[PDB]
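Numbering (the authors' numbering), first residue to last: 20 to 336.
Working notes for the structure below.
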């Protein structure tokens with residue numbers, strides 16, 4: 020006989036614990052099918068670089084990563100054509116990849132010290148934020164990359180978003196290789212405002228009682244949040260393509276999707292699920308009146324490295 024297997028390479032965030040969405044779903048899938056799930060986790064670009072390294076003899080069957088890395092995988096011919104069973108249930112799926120779990124860029128502030136959420140991007144330039152605001156470093160921290168993209172959108176052009184971030188640098192404490200550690204700094208008032216992502220921050224609120232989630236408005240009064248979903252595809256040349264297809268369809272099923280919020284603090288991509296958990300209530304409350312948006316990710320895949328280089332030039336100078 021053989022122990023049947025399928026191998027997942029994923030961006031981190033869905034396997035944080037024994038009761039995480041991936042652990043629970045992988046265990047259910049194995050019980051139902053006899054297929055063990057092997058799992059590798061890393062940064063969103065790291066996992067795609069590994070697929071490219073391994074392309075002459077693929078090891079993974081299923082990729083999960085965030086934009087623009089999923090689009091880089093598609094451009095590099097690392098994804099296989101596969102029309103999922105669900106897709107009718109899922110917005111914006113295509114034959115190479117499908118959204119799996121929704122997430123968003125977010126910001127946080129100290130609500131004990133500040134009487135209300137900062138209203139606008141302009142308010143963050145106030146001198147009261149000098150050395151009392153910090154966001155993580157574009158390119159190094161995924162949510163820092165998201166802040167840069169968000170500035171372009173909120174200010175209407177790359178030049179204008181970079182100009183804004185150059186001004187914000189007067190207040191920004193400095194670089195941070197990761198984002199999650201900033202939350203406790205906000206909670207202690209060492210800083211008053213930081214970036215984040217919605218899944219992460221929702222889960223942090225219980226132990227950070229001085230913090231609340233917010234988004235600044237732009238000069239048209241709009242609060243928007245960059246959509247940074249987890250996105251799934253089948254690996255080109257997978258050694259276990261049939262098992263990969265089964266797992267993809269399973270993770271996109273109504274059954275699996277019903278527990279995304281409960282187990283991970285993410286949001287399901289299917290519209291036909293009704294979460295029953297309190298995490299979802301918190302997510303819905305945070306997003307009320309916030310507009311999701313996204314760029315053309317095929318275009319961002321090409322321009323991102325240049326933009327990160329420019330961020331360094333703009334802020335360091």
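Positions of the beta carbon are idealized from the N, C-alpha and C atoms, including for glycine.
Between residue 36 and residue 44, the C-beta spacing is not below 8 angstroms. With fewer than 16 neighbouring CB atoms inside 10 Å of its own CB, residue 226 falls in the exposed class. Runs of the beta strand (DSSP E) spanning 3 or more residues and lying entirely within the region 68–130 occur at 81–84, 117–121 and 124–129, in chain order. Classified as exposed, residue 102 has fewer than 16 neighbouring CB atoms from the shown chains inside 10 Å of its CB. Here residue 139 is not near residue 215, since their CB atoms are 8 angstroms or more apart. Three or more beta-carbon pairs drawn from the region 157–170 and the region 120–136 are found closer than 8 angstroms, and the two stretches are therefore classed as touching. Here residue 202 is buried, its C-beta having at least 16 other C-beta atoms within 10 Å.
Pairing residue 33 with residue 295 gives a Cβ-Cβ distance that is not under 8 angstroms. Of all C-beta pairs linking the region 142–152 to the region 180–192, three or more are shorter than 8 angstroms, placing the two stretches in contact.
In the same chain as residue 116, and ignoring 5 residues on each side of it, the C-beta atoms closer than 7 angstroms to its own belong to 89, 93, 98, 250, 251 and 252, in chain order. Residues 287, 289 and 292 of the same chain have their beta carbon placed closer than 6 angstroms to that of residue 276, with the five preceding and five following residues left out of the count. According to the DSSP assignment, residue 233 belongs to the beta strand (DSSP E) that extends over 230–233. The beta-carbon distance between residue 54 and residue 268, rounded to whole angstroms, is 13 angstroms. This is too long to meet the 8 angstroms contact definition.
Bridge partners of residue 55 according to DSSP: 24.
In this structure the region 300–309 touches the region 204–224; the number of beta carbon pairs closer than 8 angstroms is three or more. Counting along the chain, no beta strand (DSSP E) covers residue 146, and no H or E run does either. Proximity of the region 71–78 to the region 233–245 falls short of the contact definition, fewer than three beta-carbon pairs being nearer than 8 angstroms. By the neighbour-count criterion, in which 16 or more other beta carbons inside 10 Å mark a residue as buried, residue 228 falls on the exposed side. The three-state secondary structure of residue 278, taken from DSSP, is coil.
Counting along the chain, residue 218 sits inside the alpha helix (DSSP H) bounded by residues 217–223. Of all alpha-carbon atoms in 329, 27, 51 and 29, the one lying nearest the alpha-carbon of residue 182 is that of 329. Judged by their CB atoms, residue 154 and residue 213 are nearer to each other than the 8 angstroms cut-off.
Around the beta carbon of residue 29, 16 or more other beta carbons lie within 10 angstroms, which makes this residue buried. DSSP places residue 329 within a helical segment (H, G or I) once states are collapsed to three. Here residue 64 carries a helix assignment [DSSP, helix/strand/coil].
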